[PDB]
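Enquirer: Here it is, the structure, as structure tokens.
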Amino acid sequence: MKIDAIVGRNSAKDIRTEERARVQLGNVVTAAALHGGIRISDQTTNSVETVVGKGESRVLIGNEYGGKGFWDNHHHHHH
Amino acid sequence: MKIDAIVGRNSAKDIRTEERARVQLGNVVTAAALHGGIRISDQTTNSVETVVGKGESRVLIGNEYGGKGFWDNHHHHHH
Amino acid sequence: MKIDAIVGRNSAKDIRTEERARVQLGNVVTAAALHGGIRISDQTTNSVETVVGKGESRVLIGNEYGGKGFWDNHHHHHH
Amino acid sequence: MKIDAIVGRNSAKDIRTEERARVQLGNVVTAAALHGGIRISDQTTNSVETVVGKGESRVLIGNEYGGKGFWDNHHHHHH
Amino acid sequence: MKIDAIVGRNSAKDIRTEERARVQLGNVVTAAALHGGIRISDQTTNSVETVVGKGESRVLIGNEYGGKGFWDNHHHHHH
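Residue numbers (the deposited numbering), protein chains in the order written: chain B, 217 to 295; chain A, 217 to 295; chain C, 217 to 295; chain D, 217 to 295; chain E, 217 to 295.
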């Protein structure tokens, strides 16, 4: 009885944030996720050693669910 | 002690914040993500070792639900 | 470290982010992402040693699921 | 506690990204990817020594499954 | 940095990318997926020393499977 099969695991060893920085640890679920399907056969272990943030740095430990933009905004022209 | 498999669990080993910093431990529910329903899934375990915040740093331990701007966004510029 | 699994797992040794940079570690699931029952088996493992981010750098540790592009709608397009 | 194990498939010794650059490590699964062998499992082991990115550099470490031509490329063959 | 062990597969010693350049390392699998072949084990070994990319450079380390002509080849049919 030491360890068994586990799915999804967000752990951090060290997180440094300064200069009006924000840090959040956990699973993010957008409104879109509501009414649909979460369990999509996942089992990845997320583990970070040391995270250094400078000039308004953002720290996110865990998985994110949503279609409206991947976390933040981003757009441009293609070819 | 403490036995479980595939179950959310927000835990913090140590959190240091200074300079008008804020820290909150728990789940954050947004208006977009319906009202306070509680209990949605909780499978990934969130655990942070040491969190350092400088210059009005924000500390958030746990999962967040909401589609209206991740945490607190309001961008507009397009590149 | 703090893990027994030996297959499929996103881990980072060091991550540096500055200049309004953001770092997210975990599996990304788009709104469309729904298909996917329940199962268990091997998987691709990802491990990064040291990451250096400058000028609004973006750090993503893990797999991403979604049709719309791959992560950032910039280049490439439909046929 | 135990720090003795293999490296994995996708591994990066060092990755440098600057100028609104982004780095994503993991398997990319498109929406098209449905029930039919989605679990590519372990096959090819990719490992990079030192990576340098300048001017909106893009870093992708891992395999891409799904129907969309390709992750990121200029275009088809020319004359 | 501290590693030493003979290993084939896709490996890179150094990769330089700048000027809106993109670098990707891994096996590309189209939606079609590898028909049959219950056994999917690596065979061919590829190793690059140093790659210098200038003015929108593209780096691809690994095998590619899918339609199109450039950056991917396929069988298809003819008339």
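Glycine included, each C-beta is placed from N, C-alpha and C at the ideal position.
1) Taking only three categories from DSSP, how would you classify A/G269?
2) Are the CB atoms of C/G269 and C/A228 within a distance shorter than 8 Å?
3) For B/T233, which three-state DSSP category applies?
4) Can a CB atom of chain B be found closer than 8 Å to the CB of C/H293?
5) Excluding the 5 residues flanking D/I277 on each side, which residues of the same chain have their C-beta closer than 6 Å to its C-beta?
6) Should A/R274 be flagged as near chain B, meaning a C-beta pair shorter than 8 Å?
7) DSSP state of A/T261, grouped into three classes?
8) Measure from the alpha carbon of E/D230 to the alpha carbon of each residue in D/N262, D/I222, D/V267, D/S263, then state which is nearest.
9) Whose C-beta lies closer than 6 Å to the C-beta of D/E265 among residues of the same chain, with five residues either side of it excluded?
10) When burial is assigned at 16 or more other CB atoms within 10 Å of the CB, is E/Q259 buried or exposed?
11) My guess is that C/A249 and C/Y281 are in contact by the Cβ rule of under 8 Å, so how many angstroms apart are they, rounded?
12) Pull up the CB-CB distance for D/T233 and D/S273, whole angstroms please, since I reckon it's below 8 Å.
13) How would you call A/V223, buried or exposed, if buried means at least 16 neighbouring beta carbons within 10 angstroms?
14) So who's on the other strand from D/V245, going by DSSP bridges?
15) Hey, out of D/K284, D/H293, D/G271, whose CA is closest to E/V239's CA?
16) Within a Cβ cutoff of 6 Å, which residues of the same chain sit near B/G253, ignoring the five residues on either side of it in sequence?
17) Consult DSSP for D/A228 and reduce its assignment to one of helix, strand or coil.
18) Please compile the residues from chain B whose C-beta is within a distance smaller than 8 Å of the C-beta of A/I222.
19) Compare the Cα-Cα distances from A/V275 to each of A/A221, A/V244, A/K218, A/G285 and report the closest residue.
20) Run down chain D in chain order and give the residues with a C-beta less than 9 Å from the C-beta of C/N289.
21) At a Cβ threshold of 8 Å, is D/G278 touching chain C?
22) State yes or no: is the beta carbon of D/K218 nearer than 8 Å to at least one beta carbon in chain E?
23) Between D/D288 and C/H292, how many whole angstroms is the CB-CB distance? I'm expecting something under 8 Å.
24) Any idea if D/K218 is buried or exposed, counting beta-carbon neighbours within 10 angstroms, 16 or more meaning buried?
25) What would DSSP say about B/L276, mapped onto helix, strand or coil?
26) With a threshold of 7 Å on Cβ separation, who are the neighbours of D/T261 within its own chain once the five nearest residues in sequence on each side are excluded?
27) Short of 7 Å in beta carbon distance, which residues of its chain neighbour D/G283, apart from the five on each side in sequence? Order them along the chain.
Expert: By the coordinates alone:
1) Note: A/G269 maps to strand in three-state DSSP.
2) no
3) It is a strand residue.
4) yes
5) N226, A228, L241
6) Between A/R274 and chain B, the shortest Cβ-Cβ separation is below 8 Å.
7) strand
8) D/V267
9) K229
10) By the neighbour-count rule (16 or more Cβ atoms within 10 Å), E/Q259 is not buried but exposed.
11) 4 Å
12) 5 Å
13) exposed
14) Assignment of beta-bridge partners to D/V245 by DSSP yields C/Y281, D/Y281.
15) D/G271
16) Within the same chain, B/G253 has no close Cβ partners at all.
17) strand
18) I222, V223, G224
19) A/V244
20) The contacting residues do not exist; C/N289 stays about 11 Å from chain D at best.
21) yes
22) no
23) 6 Å
24) Residue environment: D/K218 is assigned as exposed (fewer than 16 neighbouring CB atoms within 10 Å of its CB, all protein chains considered).
25) Residue state for B/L276 is assigned as strand, using DSSP reduced to three classes.
26) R225
27) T246, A248
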